[PDB]
Amino acid sequence: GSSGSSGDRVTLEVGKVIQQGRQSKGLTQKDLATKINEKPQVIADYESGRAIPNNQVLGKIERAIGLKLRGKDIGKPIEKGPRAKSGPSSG
């Protein structure tokens, strides 16, 4: 399944934490889609913040990288995992 099309846009904190937790584990977007039994399409859209983020799929993605995907506590680990940095957003 074709995906891509990245050329300077914003990324929601979900999309950032997705990418960051992926890359922390070398997991491609297609590896992620596999881990959550989804399309690699929606992962590529989640990264920008252009899919609809639903707590069901967000919950699967938490398992995927071992970090939280809601709250300003996003990128905190689930139970056990390494530290990560934080930062603001805008809108």
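We did not get these values from a lab; they are worked out from the coordinates using the rules stated. Ideal geometry is used to build each Cβ from the backbone, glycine not excepted, and the neighbour counts take in all protein chains shown.
Which numbered condition trips up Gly66, out of (1) touching a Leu at 6+ places or on another chain (Cβ under 6 Å); (2) farther than 14 Å from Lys16 by Cβ?
For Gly66, the failing item is (1).
Taking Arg83, is it touching a strand residue (DSSP E or B) at 6+ places or on another chain (Cβ under 9 Å) and either basic (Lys, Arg) or in a loop (DSSP other than H, G, I, E, B) (or both)? Outline the logic, then answer.
Values: touching a strand residue (DSSP E or B) at 6+ places or on another chain (Cβ under 9 Å): yes; either basic (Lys, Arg) or in a loop (DSSP other than H, G, I, E, B) (or both): yes.
So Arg83 passes the test.
Out of everything in segment 60-75 that is free of Cβ contacts under 8 Å to residues at least 40 places away in the same chain and within 17 Å of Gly26 (Cα to Cα), what residue ends up being surrounded by the fewest Cβ atoms within 10 Å (Cβ to Cβ)?
Going through the qualifying residues, I end up with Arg63.
I'm checking my understanding of the structure. Among residues of segment 76-88 that are of a type in the set (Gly, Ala, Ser) and surrounded by 10 or more Cβ atoms within 10 Å (Cβ to Cβ), which one is farthest from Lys16 (Cα to Cα)? Even if it seems obvious, please write down each step before you answer.
Of all residues in segment 76-88, those of a type in the set (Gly, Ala, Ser) come to 81, 84, 86-87.
If we keep only those that are surrounded by 10 or more Cβ atoms within 10 Å (Cβ to Cβ) as well, we get 81, 84, 86.
Working: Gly81: 17, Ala84: 12, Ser86: 11 Å.
The selected residue is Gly81.
Tell me, which helices (runs of 4 or more DSSP H) lie completely within segment 6-50 with 1 or more residues that are over 25 Å from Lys72 (Cβ atoms) and either hydrophobic (A, V, I, L, M, F, W, C) or more than 11 Å from the chain's Cα centre (by Cα) (or both)?
Working: elements: 13-23, 29-35, 40-48.
Because the criterion is at least 1 residues that are over 25 Å from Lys72 (Cβ atoms) and either hydrophobic (A, V, I, L, M, F, W, C) or more than 11 Å from the chain's Cα centre (by Cα) (or both), the helices (runs of 4 or more DSSP H) in segment 6-50 that meet it are 29-35, 40-48.
Give the residue that is farthest from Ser3 (Cα to Cα), with candidates limited to residues of segment 25-46 that are touching a residue at least 40 places away in the same chain (Cβ under 8 Å) and crowded, with 19+ Cβ neighbours inside 10 Å. Steps first, please.
Step one: filter segment 25-46 for residues touching a residue at least 40 places away in the same chain (Cβ under 8 Å), giving 25, 41, 43-44.
Among the residues that remain, those that are also crowded, with 19+ Cβ neighbours inside 10 Å are: 43-44.
Values: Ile43: 9, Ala44: 7 Å.
Among those that are touching a residue at least 40 places away in the same chain (Cβ under 8 Å) and crowded, with 19+ Cβ neighbours inside 10 Å, it is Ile43.
Criterion first (of a type in the set (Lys, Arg), in contact with a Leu (Cβ under 9 Å, 6 or more places away or on another chain) and surrounded by fewer than 18 Cβ atoms within 10 Å (Cβ to Cβ)) does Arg22 satisfy it?
Answer is no for this residue.
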